[PDB]
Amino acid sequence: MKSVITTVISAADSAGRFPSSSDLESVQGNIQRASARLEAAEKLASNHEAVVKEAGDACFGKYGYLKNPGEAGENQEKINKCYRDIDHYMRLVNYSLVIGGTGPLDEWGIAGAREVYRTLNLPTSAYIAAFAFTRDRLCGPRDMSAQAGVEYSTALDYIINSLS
């Protein structure tokens, strides 16, 4: 899992050096920013089922054609899988917020996705529509702190760039 520590320790292991100043200083960035992203993490865990339905909803509202036969949402079953993945992504987002890095999303969600979604005929724009809605639905003070929203949108923006 890619984080502040894992990056700094891997850089040092490659150079055969003990942890030094920029290594300890890099983690001081940890101790400062944990609060923000850790807030957003609990916000997801506490209410992710309303976030996925909302995201899942907007998606099929934008692409109603998917409820056609030979499509990706031709039956409630495949429909259930759509919201299910949306929840996977959101759950890995929470992971990335707790880790403070993009590792959980990187290895558990983004690696192989393109091959999988192309091979399995799942339109990428639908996923992006689900995560664009989720990002913009965010309400600054209401839902989380200001810097927590930054970490929320940053993560969601990351997922979007990966699918475009």
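All residue numbers are counted from 1 along the displayed sequence.
Taking only CA atoms, the mean B-factor in the PDB entry is higher for 68-76 than for the other of 68-76 and 88-96.
Here 97-105 and 31-39 are compared by their mean Cα B-factor, and 31-39 comes out higher. Across the residues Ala129, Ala45, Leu138, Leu122, the deposited record lists the maximum Cα B factor for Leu122. Annotation for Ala11: CA B-factor lies in the middle third of the chain's modelled residues. The deposited CA B-factor of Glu115 belongs to the lowest third of values across its chain. Among all modelled residues in its chain, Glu49 ranks in the highest third by Cα B-factor. In the PDB entry, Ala55 places in the lowest third of its chain by CA B-factor.
Ranked within its chain, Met144 lands in the highest third, by CA B factor from the PDB record.
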